[PDB]
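What follows is calculated from the coordinates using simple rules that are stated; it is not laboratory data. Cβ coordinates were reconstructed from backbone atoms using ideal geometry, including for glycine residues, and neighbour counts include every protein chain displayed.
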Ligand code: CLA
Ligand code: CLA
Ligand code: CLA
Ligand SMILES: CC1=C(C/C=C(\C)CCC[C@H](C)CCC[C@H](C)CCCC(C)C)C(=O)c2ccccc2C1=O
Ligand code: SF4
Ligand code: SF4
């Protein structure tokens, strides 16, 4: 699962709302070799600890805007979770342990078209059909 | 299509459709499917002037 | 230590970089690919914080560009004194400041535009100026046009002095960073040396040039008999029939000041507190005493901060001691840090200093506009009705642009110069930590006031149309009296010394000759309803601008907004659409709201003055106002603003063809063009326009006349900046041409 | 729930993956480039729609598209 | 008589903006270049940057000399 | 160096702001040509 | 043919010459408007007749359209001059005035220079060398 | 009379610009050099992001839209 001490943050207003209790809630988890201060994605500034840190955010763009901030503090070990309200913590970033910029094997060409972009079919080819013109199984 | 030659573009989806460009490099691997890199003298839209092309959509002018 | 440090010759002086435009940005110096390079060269020429990175080299560019700016004001200030010297009727106006109209700026005889040379009284043909220059030079003691000419010469050699000092402090002796960062020493010399010695120098001019000259001009010496101002100092017996309670000698007349027998000055340093009933302005004995109490208070307050002699205050310790062991217990909520780390904000960044110096200079220029109509300071200013309105309207617009600039650089500070290291839990961190509670309660009081100021104008508009004039918010129907503002008009007339300061409050009608200078401005339901239009439009102007300062770092939409920049169009069509999320596009939207706020301040002024203050007095005592009590009954419906103000008072700019007000009728209609022209750039987007250049580039590539600077449509930000630069130009020049055709058809 | 398709004009410069704020794209191995990579979008349910991967693609008439489709609660960026 | 002229000219301006609104929906949704090969409907798209370049000359002609001839007379 | 000065006065805004003071010859051709010059009244 | 009487015997134009100022704008340009056709309100109209205003309408055509195609031909022959020098990116901002004047005096005889490129086929660019869109 | 010459060239300016916006909306409904896949995005879409300079109002819906301001004006 997840664990860690929360950073020294004096409370905010841009934090979690009733969506985080009812639908989904994200959690970033990093570790720091320093008692440094960083900028919160929910507005303000907080002091991260020296052990395992743990911060609950509301949506995934707030975690990776924070994850792109820790990479400028030379902290590139963060794990992002997604916490459903029944307690199910899935682990979503980075999925394979490796960052999505550098290539790993076993990964799949998912949502890939084997044509140029300019040779997509016309929307009159797909008239009264279920598919869109960018799905288009020919080439 | 050698390096330094001037070539015209037959790609209808591109910015430089029927524009003369100078070939910069051709790949000798044979498995990259867009080997020839041609450099143009006008940028497309806030950006590049080089683009990878195939050899079947290029007609040389000299 | 507060010592001086400079740098000997840091920058060479050559025309080598004038041949390479765009040298300051690295992407602009590599060539002009498209026509966006043309516009980016001017949008970044003064962004000195992006040319370099170090604050030592930025602050030398700031300091040397102020000198080249001061050398631009001195060119314009030598153009106002030169036009009063050679192309004016200042001689004919000073002899008779009632019948002769103030005019400079004659027009050349070409293109038939000499119809603008109307008759100004006394055979002078020119344009009636409404800038108040003539009423200001009379208060300075100018009598002949030679003294105006050698002020315009003396400013041209002061422009070349200030222009030489910008070359000298960037190319020869440029200061270092620790010379700019002693702002305690700077406040000592600006309070005492600039604002204290400036109002000590001016109170020496007033009692030696202005107070003798404006005493003899009230007896009507008709500009032969008056002496030149050096003859009141070279001949000290000449200033003894005037002001006889003093001695007026070179050493013998000053010694009442040092022996503290200041009753010898009580005839030309008064505390009368009223308007001069022969001229209309304040007493120049009352003004000369005022600058002496200002120069004492500023030279005193310039010895507050600590320079290198130990004694004095330090702002570093005063800011860092406002934590919360030591506050008042009802405002002890601001942090155990307090605002430590805030002297490092206003010293290590010029955008933090510019946002305070613009909002203070903006709010000062509206306080100035509200005081020069109610306490008119110049002789024959208050009865020149074209000058009273064009000086209120000028400094309200000037002082409202600077407020929006004070909220632009309070947003460039957050995107660029904001540091979460030095601002942990201080008074600025704690504002961003609750910024959805500032904006929630601001967007409610903008909503509370929009219903209770504007929808009470729609209630009155419906009751007046229904034929129910007893059901609407009138002085005859449901009265809404300004209870707390009718009471302050009662206080400021029951605390009078013996003359009623500011006749706007009450008591007396100053009616110096012909027209009326000042009258009580009473407040009814039409003044309750219109002060809440002003309270509503100021709060939405704040709400637009404060939303761009607090949400300049991040939001719930884009949590990495400070990495996209200050001036960016959007973050794509995602999240439903995120156009105008930047901090720039809240300055852009707060410029329309500054416009709507200040155009109702100058419309409340222009109609309340005409109906309840200005007018003419007969031989009994009753006053017939310009529109005649029209604001009380008809300014409560906005069909009455349409009919009784915009339609009925534009009969002087509509019917201003074939006459001398002909240019105001053209600027009125040229103004309506630029407003409607602005809506091309505001309403449409650049993807239509870029896809329209491509069909026009084709017709040039066909005829082989295509350019290599490739034609691009304007940016998203650049297309919004030219849609607000035209709305705020053609919406101002159509009000400038209506305020001035209405009042220079009367006087 | 947008639709991020990726076409074979890719060059494997990884610039769309570094520009994505939500980790929708990732680099998989391929044979038709010198980098040997091509982008793929396995987390298209996290597509916020902002087309920031589209401004970073340097191929002319870019090799990645975002087709804005049926928007949901995580494809519209609602923290409430 | 006045309210019936202005009625039917604003109806006729709306019905002509919609005659070109569904021209655009026809090109997107209901046109294919393979079936309309070489006919009169491909020939318009073959030179469509010469119709837009000439509608933009008549527009640029009639506004430089209609606005300019008013504000000369103004 | 004064040899880079007139290489700046040949740039775009300079020669297209002296392409408006040279079109102050419409000021002189409408000063002494009794300015009213209609479309039938000049040959 | 029309009711546009000349301004000599128009009974509403002579009042514009009766009560008028003098200076330079309503005396000599007003007696030069006397040979102009004017309606029933004394304002000189511009009609199009066969021969009485044949060259009276053709002087504003031929005088303008020469120095309309004199600005356009010196701007076209300058952009073609700086593209054979292979420096057109930087010669369009910094105008090379020894060449722009040389391409101005080559455009002084442009009607006998355009038709030397129409019959030679060099005025227009051919359709397969011009950039277009997906059409 | 001459007051009717002038308004018919405003009417002609009006009918030509609002044809220009509608013909460019109809003929560039397939796509142009700013975005060559306008058919894949439908009739009414906002834009294609701030890339390639910015593409506000690029769709064929948003040119059947700027010509309602010109229909009402004319
Ligand atoms: C300024 C242009 C203009 C003018 C002068 C008119 C004038 C007229 N219209 Mg109108 N109309 C216009 C534009 C105009 N129209 C446009 C662009 C539309 C398309 C939306 C309409 C659609 C329309 C309809 C449906 C009807 C008229 C009718 C009339 C006639 C009677 C109304 C009247 O006395 O004048 C009053 C002043 C007006 C501005 C008339 C406004 C009428 C509005 C536009 C009706 C719109 C219906 C609305 C969209 C749906 C509301 C449903 C619900 C909320 C109740 C009158 C001659 C009525 C008629 O046919 O007479 C028997 C009628 O049934 N018109
Ligand atoms: C006259 C046109 C107009 C109107 C009515 C509004 C109205 C409003 N603006 Mg807006 N604005 C306008 C023009 C207008 N604006 C323009 C031209 C711009 C261009 C830059 C803007 C830019 C702008 C910005 C940037 C902002 C606003 C905001 C607001 C809201 C202010 C809150 C408020 O006042 O509550 C009062 C409501 C009114 C004053 C509307 C009139 C109420 C009527 C008279 C009562 C209705 C009676 C009844 C309920 C009708 C129901 C009948 C039933 C049959 C349906 C408000 C609804 C601000 C906001 O969001 O507030 C929090 C906001 O920040 N505006
Ligand atoms: C015979 C006439 C006719 C018909 C059958 C259609 C049919 C169609 N049009 Mg269309 N069109 C027409 C004329 C017509 N149009 C005209 C005259 C114009 C010029 C204005 C247009 C411009 C147009 C555009 C730009 C689009 C269509 C679209 C469509 C399609 C879907 C309609 C829709 O969106 O859902 C239902 C529509 C509504 C429920 C109306 C929405 C609200 C409107 C604006 C009424 C507002 C009036 C207001 C409330 C009244 C004021 C009240 C009072 C205070 C006065 C449909 C096949 C759309 C399409 O094909 O998508 C791919 C599309 O984008 N049309
Ligand atoms: C009209 C318009 C344009 C097109 C605007 C253009 C093309 C700017 C026009 C400026 C012209 C091109 C000035 C150029 C002058 C030349 C230098 C010629 C002068 C040379 C002589 C002086 C010799 C946009 O790009 C745009 C973008 C976003 C929202 C709205 C709009 C918008 O409304
Ligand atoms: S989409 Fe862009 S970043 Fe991804 S492989 Fe293609 S060129 Fe590289
Ligand atoms: S739309 Fe946004 S989140 Fe989705 S792939 Fe593009 S940049 Fe990434």
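Just checking, how many residues over the range D:35-53 are part of a helix (DSSP H, G or I), near ligand 6 (Cβ under 8 Å from one of its atoms) and more than 15 Å from residue A:107 (Cβ to Cβ)? Qualifying residue count, the range D:35-53: 1. Here are C:579, C:570: which of them is within 16 Å of ligand 2 (Cβ to nearest atom) and in contact with a strand residue (DSSP E or B) (Cβ under 6 Å, 6 or more places away or on another chain)? Being within 16 Å of ligand 2 (Cβ to nearest atom) and in contact with a strand residue (DSSP E or B) (Cβ under 6 Å, 6 or more places away or on another chain) holds for just one of C:579, C:570, which is C:579.
Checking the structure you have, find out if any residue of the range A:45-53 is crowded, with 16+ Cβ neighbours inside 10 Å, away from chain C (no Cβ under 14 Å) and not in a loop (DSSP other than H, G, I, E, B). Yes, the range A:45-53 contains at least one residue that is crowded, with 16+ Cβ neighbours inside 10 Å, away from chain C (no Cβ under 14 Å) and not in a loop (DSSP other than H, G, I, E, B).
Tell me yes or no: at least one residue of the range F:21-30 is within 30 Å of residue G:31 (Cα to Cα) and assigned to a loop (DSSP other than H, G, I, E, B). Before you say what the answer is, go through the steps one by one.
Let us first name the residues in the range F:21-30 that are within 30 Å of residue G:31 (Cα to Cα), namely F:23-30.
Those still in the list that are assigned to a loop (DSSP other than H, G, I, E, B) too: F:29-30.
Yes, that holds for at least one residue.
Take the residues in the range H:37-53 that are in a loop (DSSP other than H, G, I, E, B) and over 19 Å from residue D:16 (Cβ atoms), then tell me which one is farthest from the other protein chains (Cβ to nearest Cβ).
So in the range H:37-53, the residues in a loop (DSSP other than H, G, I, E, B) come out as H:37, H:42-53.
From what's left, over 19 Å from residue D:16 (Cβ atoms): H:42-46.
Working: H:42: 7, H:43: 5, H:44: 10, H:45: 7, H:46: 5 Å.
Restricting to residues being in a loop (DSSP other than H, G, I, E, B) and over 19 Å from residue D:16 (Cβ atoms), the top hit is H:44.
Candidates C:670, C:640: the one that is surrounded by 15 or more Cβ atoms within 10 Å (Cβ to Cβ) and under 17 Å from residue C:473 (Cβ atoms) is C:640.
Yes/no per residue for (1) in a loop (DSSP other than H, G, I, E, B); (2) more than 8 Å from chain D (Cβ to nearest Cβ):
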{"residue": "A:72", "(1), (2)": "yes, yes"}
{"residue": "A:76", "(1), (2)": "yes, yes"}
{"residue": "A:87", "(1), (2)": "yes, yes"}
{"residue": "A:90", "(1), (2)": "no, yes"}
{"residue": "A:98", "(1), (2)": "yes, yes"}
{"residue": "A:105", "(1), (2)": "yes, no"}
{"residue": "A:108", "(1), (2)": "yes, no"}
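Criterion applied to C:338, C:302, C:280, C:312 was being out of contact with any strand residue (DSSP E or B) (no Cβ under 8 Å at 6 or more places or on another chain) and on the phi > 0 side of the Ramachandran plot, and the one residue passing it is C:338.
Examine the range H:2-20 for a residue that is under 30 Å from residue D:62 (Cβ atoms) and either more than 8 Å from chain C (Cβ to nearest Cβ) or outside any helix (DSSP H, G or I) (or both), and state whether such a residue exists. Yes: the range H:2-20 contains one or more residues that are under 30 Å from residue D:62 (Cβ atoms) and either more than 8 Å from chain C (Cβ to nearest Cβ) or outside any helix (DSSP H, G or I) (or both). When we screen C:689, C:698 for residues that are within 9 Å of chain H (Cβ to nearest Cβ), part of a helix (DSSP H, G or I) and away from ligand 3 (no atom under 16 Å from the Cβ), the only hit is C:689.
Hey, can you tell me all the residues within the range H:40-56 that are away from ligand 3 (no atom under 12 Å from the Cβ) and either within 25 Å of residue A:124 (Cβ to Cβ) or touching a strand residue (DSSP E or B) at 6+ places or on another chain (Cβ under 6 Å) (or both)? Quick ask: steps written out before the conclusion?
First pass over the range H:40-56, keeping only residues away from ligand 3 (no atom under 12 Å from the Cβ): H:40, H:46-56.
Passing the criteria: H:40, H:46, H:47, H:48, H:50, H:55.
Within the range D:54-74, the set of residues being touching a strand residue (DSSP E or B) at 6+ places or on another chain (Cβ under 8 Å), within 13 Å of ligand 6 (Cβ to nearest atom) and facing another protein chain (nearest Cβ under 7 Å) comprises D:54, D:63, D:65, D:67, D:68. Collect the residues in the range C:533-555 that are surrounded by fewer than 22 Cβ atoms within 10 Å (Cβ to Cβ) and outside any helix (DSSP H, G or I), keeping them in residue-number order. Once the filter is applied, which keeps residues that are surrounded by fewer than 22 Cβ atoms within 10 Å (Cβ to Cβ) and outside any helix (DSSP H, G or I), the range C:533-555 yields nothing. Contact map, the range H:60-74: residues that are more than 7 Å from every other protein chain (Cβ to nearest Cβ) paired with residues that are within 14 Å of ligand 4 (Cβ to nearest atom) and assigned to a loop (DSSP other than H, G, I, E, B), Cβ distance under 8 Å, separation 6+ or inter-chain. Pairs shown: H:65/H:57.
Would you be able to say whether some residue in the range C:25-35 is part of a loop (DSSP other than H, G, I, E, B), under 34 Å from the mean Cα position of the chain (by Cα) and surrounded by 12 or more Cβ atoms within 10 Å (Cβ to Cβ)?
Applying the first criterion (part of a loop (DSSP other than H, G, I, E, B)) to the range C:25-35 yields C:25-33, C:35.
Still in the list and also under 34 Å from the mean Cα position of the chain (by Cα): C:25.
Narrowing the set further to residues that are surrounded by 12 or more Cβ atoms within 10 Å (Cβ to Cβ) leaves C:25.
Yes, there is a match, as at least one residue in the range C:25-35 is part of a loop (DSSP other than H, G, I, E, B), under 34 Å from the mean Cα position of the chain (by Cα) and surrounded by 12 or more Cβ atoms within 10 Å (Cβ to Cβ).
Those residues that are assigned to a loop (DSSP other than H, G, I, E, B) and either within 16 Å of ligand 1 (Cβ to nearest atom) or within 10 Å of chain H (Cβ to nearest Cβ) (or both), I need them from the range C:703-722; list them, please. Correct list: C:712, C:713, C:714, C:715. Could you check, for the range C:195-214, whether at least one of its residues is assigned to a loop (DSSP other than H, G, I, E, B) and exposed (fewer than 14 other Cβ atoms within 10 Å of the Cβ)? No, that holds for no residue. Tallying residues that are assigned to a loop (DSSP other than H, G, I, E, B), crowded, with 19+ Cβ neighbours inside 10 Å and touching a helix residue (DSSP H, G or I) at 6+ places or on another chain (Cβ under 8 Å) within the range A:8-39 yields 2. Candidates G:93, G:114: the one that is more than 26 Å from residue B:8 (Cβ to Cβ) and part of a helix (DSSP H, G or I) is G:114. If you go through the range C:487-510 one residue at a time, do you hit one that is within 16 Å of ligand 6 (Cβ to nearest atom), in contact with a strand residue (DSSP E or B) (Cβ under 7 Å, 6 or more places away or on another chain) and either within 14 Å of another protein chain (Cβ to nearest Cβ) or farther than 30 Å from residue A:60 by Cα (or both)? Within the range C:487-510, none of the residues are within 16 Å of ligand 6 (Cβ to nearest atom), in contact with a strand residue (DSSP E or B) (Cβ under 7 Å, 6 or more places away or on another chain) and either within 14 Å of another protein chain (Cβ to nearest Cβ) or farther than 30 Å from residue A:60 by Cα (or both). When C:380, C:418, C:373 are checked against the criterion of being on the phi > 0 side of the Ramachandran plot, away from ligand 1 (no atom under 16 Å from the Cβ) and either away from every other protein chain (no Cβ under 14 Å) or more than 26 Å from the chain's Cα centre (by Cα) (or both), C:380 stands alone in meeting it.
Restricting to the range D:1-29, and then to whatever is more than 9 Å from ligand 5 (Cβ to nearest atom) and away from chain C (no Cβ under 14 Å), can you tell me which residue is nearest to residue A:69 (Cα to Cα)? Before the answer, list the steps.
Applying the first criterion (more than 9 Å from ligand 5 (Cβ to nearest atom)) to the range D:1-29 yields D:1-5, D:8, D:20-24, D:26, D:28-29.
Going one step further and asking which of them are away from chain C (no Cβ under 14 Å), we end up with D:5, D:8, D:26, D:28-29.
Numbers: D:5: 29, D:8: 32, D:26: 20, D:28: 25, D:29: 28 Å.
The extreme case among them is D:26.
Exactly one residue out of C:677, C:681, C:673, C:645 is under 30 Å from residue C:510 (Cα atoms), assigned to a helix (DSSP H, G or I), away from ligand 3 (no atom under 16 Å from the Cβ) and in contact with a helix residue (DSSP H, G or I) (Cβ under 7 Å, 6 or more places away or on another chain), and it is C:645. Residue by residue through the range D:35-53, note down the ones that are facing another protein chain (nearest Cβ under 7 Å) and more than 16 Å from residue C:559 (Cβ to Cβ). Across the range D:35-53, the qualifying residues are D:37, D:38, D:40, D:41, D:42, D:44, D:51. Report yes if residue G:56 is surrounded by 12 or more Cβ atoms within 10 Å (Cβ to Cβ) and more than 8 Å from every other protein chain (Cβ to nearest Cβ), otherwise no. No: the conditions fail for residue G:56. Residues in the range D:1-34 that are within 22 Å of residue B:48 (Cβ to Cβ) and near ligand 6 (Cβ under 9 Å from one of its atoms): D:4, D:16, D:17, D:19, D:20, D:25. For the range C:42-75, the tally of residues that are buried (at least 18 other Cβ atoms within 10 Å of the Cβ) and either in contact with a strand residue (DSSP E or B) (Cβ under 7 Å, 6 or more places away or on another chain) or in a loop (DSSP other than H, G, I, E, B) (or both) stands at 1.
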